[PDB]
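Everything on this sheet refers to the single structure shown next.
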There are 2 protein chains.
Amino acid sequence: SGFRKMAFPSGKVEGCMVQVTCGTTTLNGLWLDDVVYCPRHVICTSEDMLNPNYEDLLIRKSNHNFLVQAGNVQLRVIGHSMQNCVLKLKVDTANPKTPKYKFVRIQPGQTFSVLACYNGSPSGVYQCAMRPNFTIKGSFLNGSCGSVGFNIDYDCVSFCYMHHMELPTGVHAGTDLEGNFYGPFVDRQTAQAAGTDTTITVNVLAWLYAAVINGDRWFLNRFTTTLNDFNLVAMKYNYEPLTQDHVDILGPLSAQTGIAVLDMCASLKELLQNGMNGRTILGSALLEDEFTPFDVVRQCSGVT
Amino acid sequence: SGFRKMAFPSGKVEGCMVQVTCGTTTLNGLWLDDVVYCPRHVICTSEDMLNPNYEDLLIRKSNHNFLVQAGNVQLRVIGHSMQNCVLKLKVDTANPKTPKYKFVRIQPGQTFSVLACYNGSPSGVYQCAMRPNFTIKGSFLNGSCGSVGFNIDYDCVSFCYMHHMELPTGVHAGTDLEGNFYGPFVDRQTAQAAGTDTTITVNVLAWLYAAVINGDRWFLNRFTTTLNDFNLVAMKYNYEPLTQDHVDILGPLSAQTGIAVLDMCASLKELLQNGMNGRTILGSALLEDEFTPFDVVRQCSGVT
Ligand SMILES: Cc1ccncc1NC(=O)CN(C)S(=O)(=O)c1cccc2cccnc12
Ligand SMILES: Cc1ccncc1NC(=O)CN(C)S(=O)(=O)c1cccc2cccnc12
């Protein structure tokens, strides 16, 4: 029993973190096979952050200008290329600690773990979700760029995020490992305001199922609703619309608890309309939305 | 910017997790040097959980009865002994991945990371605090016993907790790595009710400092208080008494933000008396107490 915001074990990813320096800028790189992936803004000075022409800036850079250090040993850069907003630095040595891996682009509502790093060194690990406005609410300081987000399926690490920037509102933006930003964000210091940060309805329902499994049942009511009725309330509260795909995905949780998905929707509807009344659910006074139905099943079953 | 509940990178601890089986019971062990540490209840059957005589039960066990598996390879047990509530299984091979380590016994209010494991395999990592009633609010299922809590200081892992049990209220109890339980708990299935789970006042204040550093300032008021006045309110709300030692420990946060500790106490006092009014602090609708002043400085400065 107990339900915690849990990150994947980070060891497999720690074995991939390296430091990349270009001129005066130092950030993190991800070393998989003989390639080091890092944000392309490593080539920029803070003076040219307003409107960088990455292609032009890259022309002035050679392999020897990218300093890659894995622990206290230097890696030899034998090639460099830009793919969207990431640089791929080909090194002469394959990372001996390269785990089985995939590059995936996640959808909003999907959760992942972040290994926050500075100077190629891991500082901590936390669990995130890709927000519906394509930002992440992380914990990143200057030097953390190049830190990655990932999920693990037994021994295969699926890398889904690379940290690139902080927006003026303190929220974060980044790319997948092909260098494509999530959302409309760009690696420029310019007016980039995030859209509505709506609540991930399917994740809240999964977390309400976790609460029932762990003994927190006070919010369960005598009501039911329909997808259409629920969604009228969800729109009113800036919650994402719930679809039949979401209902189906909650099927195993519904089956384990014996609580129909639409009955849990009615419980959630009453929580939205009435509030918590000073009560808590799984030690929280707000409805948590950074647990997917897959995370709930995984944590409640002990998947290793 | 951003402030997250962050665990230490778990790699150094993943390299220590092993599976220990004695008869029909399987749990986790911690392999450091040529010793495997695990809860002594691995020798018990669920049938004798009410009143186990560990010394007598251990007499019927020999080295070959403890099956220790590190990955998919078996370790040879050449000795076994009981130290308080842990078994120390001497193996013939020193763990080649043994990090620099210490065994520490923490005080209530101190935080640590837990690497939840099943069958010697890591499933996830989360951050905990030793509660003032000596329980932890973890996430542990059957098979998770022997999972450890730790802190990391650069390259030295300080092991502070080993999971042993779940109380009927769904809270957790365990020992330090010398096998001494935190609090009055025993490794028996008996009436063991936890005391008052008071709030760790010094940690809440540290977290209010983190909120100010990260832009959440709405709760700052025009008031101050004294330690004695604050403590009258703290007792009323089941908050731990704040001492001059706590005030001193918050000195660096006070210095960085320019907000006197007693002024932050008055802000906290008003939050206790008035509530949040539907507002949030660092994405939370309740006052978080599982960040120490050291965790706040570490996360806000990027210690690796
Ligand atoms: C500070 C911080 C905190 C947390 N997470 C990410 C960051 N960094 C950033 O957001 C990066 N910026 C300072 S930036 O202005 O977006 C930028 C754009 C383009 C080229 C650049 C070259 C060098 C430095 N910056 C550049
Ligand atoms: C189930 C669970 C979930 C989360 N975290 C810890 C647990 N286990 C427990 O609490 C362990 N118990 C089932 S127990 O009753 O306290 C116990 C005491 C003594 C000897 C025993 C031998 C074998 C199994 N149990 C024994």
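The chains in the structure tokens are called A, B, ... from first to last as shown; in each chain the residues are counted from 1, and the ligands are counted from 1 in the order shown.
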Please report as a tab-separated table every residue of chain B lying within 8 Å of ligand 2, along with the nearest atom pair and their distance in Å (one decimal), using only C-alpha atoms and all ligand atoms.
residue	atom	partner	partner_atom_place_in_ligand_line	distance
B:25	CA	ligand 2	23 (C)	6.6
B:41	CA	ligand 2	20 (C)	4.5
B:42	CA	ligand 2	22 (C)	6.0
B:43	CA	ligand 2	22 (C)	6.7
B:44	CA	ligand 2	22 (C)	3.9
B:45	CA	ligand 2	23 (C)	4.7
B:46	CA	ligand 2	23 (C)	4.3
B:47	CA	ligand 2	22 (C)	7.6
B:48	CA	ligand 2	20 (C)	6.4
B:49	CA	ligand 2	19 (C)	4.0
B:50	CA	ligand 2	18 (C)	6.8
B:51	CA	ligand 2	19 (C)	7.6
B:52	CA	ligand 2	19 (C)	6.4
B:139	CA	ligand 2	4 (C)	7.6
B:140	CA	ligand 2	4 (C)	4.4
B:141	CA	ligand 2	3 (C)	4.1
B:142	CA	ligand 2	1 (C)	4.0
B:143	CA	ligand 2	2 (C)	7.1
B:144	CA	ligand 2	5 (N)	6.2
B:145	CA	ligand 2	6 (C)	5.8
B:163	CA	ligand 2	5 (N)	7.0
B:164	CA	ligand 2	6 (C)	5.8
B:165	CA	ligand 2	10 (O)	3.3
B:166	CA	ligand 2	10 (O)	4.1
B:167	CA	ligand 2	10 (O)	6.7
B:172	CA	ligand 2	5 (N)	6.6
B:187	CA	ligand 2	18 (C)	5.1
B:188	CA	ligand 2	18 (C)	4.2
B:189	CA	ligand 2	15 (O)	4.3
B:190	CA	ligand 2	16 (O)	7.9
Write out the residues from the selection above, keeping N, CA and C atoms, as a PDB file, in the first residue's frame.
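Result went into again39.pdb, see below:
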ATOM      1  N   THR B  25       9.839 -17.605   1.083  1.00  0.00           N
ATOM      2  CA  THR B  25       9.803 -16.142   1.117  1.00  0.00           C
ATOM      3  C   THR B  25      10.920 -15.527   0.306  1.00  0.00           C
ATOM      4  N   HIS B  41      12.986 -11.121   8.877  1.00  0.00           N
ATOM      5  CA  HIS B  41      11.721 -11.819   8.667  1.00  0.00           C
ATOM      6  C   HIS B  41      11.715 -12.672   7.362  1.00  0.00           C
ATOM      7  N   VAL B  42      12.799 -12.625   6.550  1.00  0.00           N
ATOM      8  CA  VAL B  42      12.902 -13.523   5.395  1.00  0.00           C
ATOM      9  C   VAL B  42      12.891 -15.010   5.845  1.00  0.00           C
ATOM     10  N   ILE B  43      13.282 -15.301   7.091  1.00  0.00           N
ATOM     11  CA  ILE B  43      13.287 -16.680   7.596  1.00  0.00           C
ATOM     12  C   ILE B  43      11.906 -17.159   8.075  1.00  0.00           C
ATOM     13  N   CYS B  44      10.917 -16.257   8.168  1.00  0.00           N
ATOM     14  CA  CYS B  44       9.607 -16.621   8.674  1.00  0.00           C
ATOM     15  C   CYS B  44       8.629 -17.004   7.591  1.00  0.00           C
ATOM     16  N   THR B  45       7.693 -17.852   7.962  1.00  0.00           N
ATOM     17  CA  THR B  45       6.566 -18.190   7.119  1.00  0.00           C
ATOM     18  C   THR B  45       5.468 -17.192   7.535  1.00  0.00           C
ATOM     19  N   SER B  46       4.502 -16.887   6.645  1.00  0.00           N
ATOM     20  CA  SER B  46       3.398 -15.991   7.035  1.00  0.00           C
ATOM     21  C   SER B  46       2.591 -16.577   8.215  1.00  0.00           C
ATOM     22  N   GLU B  47       2.611 -17.913   8.374  1.00  0.00           N
ATOM     23  CA  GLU B  47       1.934 -18.641   9.438  1.00  0.00           C
ATOM     24  C   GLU B  47       2.492 -18.307  10.823  1.00  0.00           C
ATOM     25  N   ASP B  48       3.778 -17.928  10.916  1.00  0.00           N
ATOM     26  CA  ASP B  48       4.381 -17.601  12.204  1.00  0.00           C
ATOM     27  C   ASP B  48       4.680 -16.098  12.342  1.00  0.00           C
ATOM     28  N   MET B  49       3.859 -15.247  11.709  1.00  0.00           N
ATOM     29  CA  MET B  49       4.077 -13.801  11.740  1.00  0.00           C
ATOM     30  C   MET B  49       3.618 -13.137  13.037  1.00  0.00           C
ATOM     31  N   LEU B  50       2.681 -13.769  13.776  1.00  0.00           N
ATOM     32  CA  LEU B  50       2.132 -13.235  15.027  1.00  0.00           C
ATOM     33  C   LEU B  50       3.161 -13.099  16.149  1.00  0.00           C
ATOM     34  N   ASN B  51       3.948 -14.156  16.395  1.00  0.00           N
ATOM     35  CA  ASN B  51       4.939 -14.125  17.468  1.00  0.00           C
ATOM     36  C   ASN B  51       6.188 -14.933  17.107  1.00  0.00           C
ATOM     37  N   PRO B  52       6.997 -14.429  16.158  1.00  0.00           N
ATOM     38  CA  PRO B  52       8.205 -15.176  15.768  1.00  0.00           C
ATOM     39  C   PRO B  52       9.346 -15.096  16.773  1.00  0.00           C
ATOM     40  N   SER B 139       5.659   3.569  -0.758  1.00  0.00           N
ATOM     41  CA  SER B 139       4.844   2.864  -1.730  1.00  0.00           C
ATOM     42  C   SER B 139       5.496   1.510  -1.789  1.00  0.00           C
ATOM     43  N   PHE B 140       4.935   0.545  -1.053  1.00  0.00           N
ATOM     44  CA  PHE B 140       5.562  -0.759  -0.924  1.00  0.00           C
ATOM     45  C   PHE B 140       4.533  -1.854  -0.968  1.00  0.00           C
ATOM     46  N   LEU B 141       4.775  -2.874  -1.775  1.00  0.00           N
ATOM     47  CA  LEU B 141       3.876  -4.014  -1.863  1.00  0.00           C
ATOM     48  C   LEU B 141       4.596  -5.217  -1.259  1.00  0.00           C
ATOM     49  N   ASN B 142       3.940  -6.392  -1.207  1.00  0.00           N
ATOM     50  CA  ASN B 142       4.594  -7.615  -0.732  1.00  0.00           C
ATOM     51  C   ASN B 142       5.751  -7.926  -1.695  1.00  0.00           C
ATOM     52  N   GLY B 143       6.898  -8.275  -1.145  1.00  0.00           N
ATOM     53  CA  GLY B 143       8.096  -8.488  -1.944  1.00  0.00           C
ATOM     54  C   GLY B 143       9.037  -7.290  -1.939  1.00  0.00           C
ATOM     55  N   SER B 144       8.561  -6.102  -1.485  1.00  0.00           N
ATOM     56  CA  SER B 144       9.408  -4.902  -1.461  1.00  0.00           C
ATOM     57  C   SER B 144      10.319  -4.829  -0.241  1.00  0.00           C
ATOM     58  N   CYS B 145      10.122  -5.705   0.782  1.00  0.00           N
ATOM     59  CA  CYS B 145      10.983  -5.670   1.961  1.00  0.00           C
ATOM     60  C   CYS B 145      12.446  -5.829   1.596  1.00  0.00           C
ATOM     61  N   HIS B 163      13.417  -1.303   4.316  1.00  0.00           N
ATOM     62  CA  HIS B 163      11.991  -1.531   4.517  1.00  0.00           C
ATOM     63  C   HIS B 163      11.712  -2.860   5.147  1.00  0.00           C
ATOM     64  N   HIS B 164      10.877  -2.882   6.208  1.00  0.00           N
ATOM     65  CA  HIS B 164      10.524  -4.149   6.840  1.00  0.00           C
ATOM     66  C   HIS B 164       9.033  -4.402   6.853  1.00  0.00           C
ATOM     67  N   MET B 165       8.215  -3.364   7.128  1.00  0.00           N
ATOM     68  CA  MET B 165       6.807  -3.659   7.271  1.00  0.00           C
ATOM     69  C   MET B 165       5.818  -2.573   7.019  1.00  0.00           C
ATOM     70  N   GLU B 166       4.578  -3.031   6.844  1.00  0.00           N
ATOM     71  CA  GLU B 166       3.456  -2.142   6.656  1.00  0.00           C
ATOM     72  C   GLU B 166       2.529  -2.287   7.848  1.00  0.00           C
ATOM     73  N   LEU B 167       2.164  -1.167   8.456  1.00  0.00           N
ATOM     74  CA  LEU B 167       1.255  -1.172   9.592  1.00  0.00           C
ATOM     75  C   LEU B 167      -0.184  -1.248   9.048  1.00  0.00           C
ATOM     76  N   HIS B 172       4.471   2.838   6.736  1.00  0.00           N
ATOM     77  CA  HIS B 172       5.576   1.909   6.725  1.00  0.00           C
ATOM     78  C   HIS B 172       6.554   2.067   7.871  1.00  0.00           C
ATOM     79  N   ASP B 187       9.162  -6.270  14.171  1.00  0.00           N
ATOM     80  CA  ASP B 187       8.891  -7.103  13.000  1.00  0.00           C
ATOM     81  C   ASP B 187       8.010  -8.294  13.358  1.00  0.00           C
ATOM     82  N   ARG B 188       6.795  -7.987  13.803  1.00  0.00           N
ATOM     83  CA  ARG B 188       5.752  -8.925  14.191  1.00  0.00           C
ATOM     84  C   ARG B 188       4.444  -8.372  13.668  1.00  0.00           C
ATOM     85  N   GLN B 189       3.504  -9.254  13.331  1.00  0.00           N
ATOM     86  CA  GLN B 189       2.179  -8.815  12.917  1.00  0.00           C
ATOM     87  C   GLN B 189       1.354  -8.731  14.174  1.00  0.00           C
ATOM     88  N   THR B 190       1.294  -7.535  14.743  1.00  0.00           N
ATOM     89  CA  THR B 190       0.605  -7.283  16.002  1.00  0.00           C
ATOM     90  C   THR B 190       0.021  -5.854  16.009  1.00  0.00           C
TER      91      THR B 190
END
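Near chain B, within 6 Å and counting only C-alpha atoms, the residues of chain A are residues 1, 2, 3, 4, 6, 7, 8, 9, 10, 11, 121, 122, 123, 124, 125, 126, 138, 139, 140, 141, 170, 285, 286 and 304 of chain A.
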Inset, instruction - Excluding residue B:202 and residues on its chain fewer than 3 positions from it, collect all residues at most 10 Å away from it, counting only C-alpha atoms, and give them as a PyMOL selection string. - result: chain B and resi 109+199+205-208+239-243+245-247+249-250+265+289-293
Inset, instruction - Apply DSSP to the structure's backbone, then extract all residues of stretch 101-281 of chain B labelled strand (DSSP E) and return them as a ChimeraX atom specification. - result: /B:101-103,111-118,121-129,148-153,156-166,172-175
Inset, instruction - Name all residues at most 7 Å from residue A:98 (count only C-alpha atoms; drop same-chain ones fewer than 5 positions away) and give them as a PyMOL selection string. - result: chain A and resi 16+32-33
Legend entry - Pick from A:38, A:282, A:210, A:262 nearest to residue A:84, counting only C-alpha atoms: A:38
Legend entry - Among listed residues A:238, A:19, A:26, A:111, nearest residue A:69 (using only C-alpha atoms):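 Of the candidates, the smallest distance to residue A:69 is held by A:19.
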